[PDB]
Each structure stands twice: as structure tokens, then as C-alpha cells.
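As a plain string of letters, each chain reads:
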Number of protein chains: 2
Amino acid sequence: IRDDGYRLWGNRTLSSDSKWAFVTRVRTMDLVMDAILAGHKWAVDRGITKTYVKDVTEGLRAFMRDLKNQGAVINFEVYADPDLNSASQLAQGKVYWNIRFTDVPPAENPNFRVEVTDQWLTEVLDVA
Amino acid sequence: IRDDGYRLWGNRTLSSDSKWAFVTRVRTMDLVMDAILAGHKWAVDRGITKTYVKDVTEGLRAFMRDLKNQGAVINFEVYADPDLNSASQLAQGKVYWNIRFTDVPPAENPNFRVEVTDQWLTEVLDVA
């Protein structure tokens, strides 16, 4: 829109699912993880120690926290989903964590409500 | 009247109302306002400001004063009738002023009273 192809217009994206209505939502949810993986590269091998679970849940809380600091998200919550982490899964290498967080809602549709009254009329003009 | 249609004769006019007996009265009361309006043209629009009332009451005192200077009237009095100027009327554009003035009474009916006496008789003639 706007003069001679001034600018883009539309944060919305083709999605049947309303939750992923904003490209901001999708892009955040994707690139957040790009930053996580490019940083937890060390975590994808290595002999599982007693402190492996904690090394990772803290490493996550580092990258995640940094993103919060620079605006990227608004609060978050990382931990190591217990109802899944088991001896069997661990012997087979696997292990799970949760990373529930909130993404910056892009301000859209500011509703400037306006009333042209005659309230401030006597306050000026008449005599004064 | 007078020889071979010398001149006109009669300042009086057809009027049931004695106040408007003189054409001088009517013509003055009319053309005075013609001069006022042709001069306060600017005053018939424009966003009413705090000083609108004063701009006009002074503009009136200018044209009115000038007319006094060149004889047209004899004193006058302009102001902005308070018991009418209100927030309601102003919101609806309207506004009021008074322009009470006096008009030049045309000298008519000079009464030359004359007595042919014999007072200044001895003052001359006899002896001297």
C-alpha cells in the first residue's frame, strides 16, 4: 500500500489454525529454536552424566533469558518434563524438556475513538 | 416649488410612525449600516476566537467614529449586548451587539419673530 509501493501490509499468514495467524508467531517459534540448537550443539552426544539434565535445562535458561532481555519474548519457562524421562529412554539416549513461552503480540488495529463535542466551548471564546 | 420647478420641498415621508417622519432619519439609519457591513465583511465567517467579540466591537467603533467625524451622526455607542451572548448562541454561530446612536436633525421651520417697534427712534433723527 501507499504511494508508489510505499510499504508492505499484513502480518497475517495462510493458516487454517488461528493460533498461527501471525507470521510473528511462526517466525519467533522457529528462530528461537534455531538460536537454541546453535548453542546446544554440545548437548547432542556426550556421555550422559548425573548433571546432564541440569546442564541442558540451565543452558536453555541462558539462551532463553537472553532473548527475553532483548525483547524477543515476554517471560518463559524451561524444565525437564519428568513424566517421560526414564531409565529406558535414557539408555536409548533420548530425553525430554518443556520450553513453554509467550511471544510479542504485534500491535494491530489501534481503535482511535473520537468525539467532536462542544464541552470545551465556554472554557474559551465567551468572555474569558 | 419656486420659479419653473426651482427645487424640491419636503423632508417628510409617508409613515404612520412619527419617529421615522424624516427621510433623513430613514436614510441615515439605512446607509450607516451599509457602510458597516461593507467593512465588516470579514466578520461573517471565521473561527470565533476569544477576541472575536472585541475585534468586532472595535471595528464598529472605527466606522462609527469616522461617520461622526464627517458629520453623519452626533455621538454614538457600541457594545456587545451581554444579555443574549451565550454559549448556546455562540455554538450556533450567532452573537449580538447594540449600536444606539443619534442622527442629525434637519433644521426646519425657522421661526423669524419680528416686531416693528419705535424704540430706536430718538436714537436717531431728533436733533442728534
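Residues numbered from 1 in each chain as written, not as in the entry; some residues may be left out. Chains lettered and ligands numbered in written order. Part of a larger assembly, values for the part shown. Heavy atoms only, no water.

- Its PDB record attributes the structure to cryo-EM, giving the resolution as 3.5 Å.

- Looking at the PDB entry, one finds chain A named sheath, with Pseudomonas aeruginosa as its source organism.
- The title given for this PDB entry is "Atomic structures of a bactericidal contractile nanotube in its pre- and post-contraction states".

1. Let's talk about the pattern of salt bridges
Residues and elements named next belong to chain A.
1) Next: Under the defined criterion, the tally for this structure stands at eight salt bridges over all chains.
2) Next: Across the pair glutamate 58 and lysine 54 runs a salt bridge, and its minimum N-O distance is 3.8 Å. Highlighted residues: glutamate 58 and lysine 54, both in helix α2 (residues 52-69), separated by four residues, approximately one helical turn.
3) Next: Judged by relative accessible area, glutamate 58 falls into the partly exposed class, the value being 38%.
4) Next: Judged by relative accessible area, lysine 54 falls into the partly exposed class, the value being 43%.
5) Next: Residues joined in a network through salt bridges with shared partners are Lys54, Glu58 and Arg61. (Salt bridge = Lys/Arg side-chain N within 4 Å of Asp/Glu carboxyl O. Helix = DSSP H or I, 4+ residues; strand = E, 2+ residues; numbered from the N terminus. Buried < 20%, exposed > 50% of the residue type's maximum accessible area, 1.4 Å probe, protein only.)

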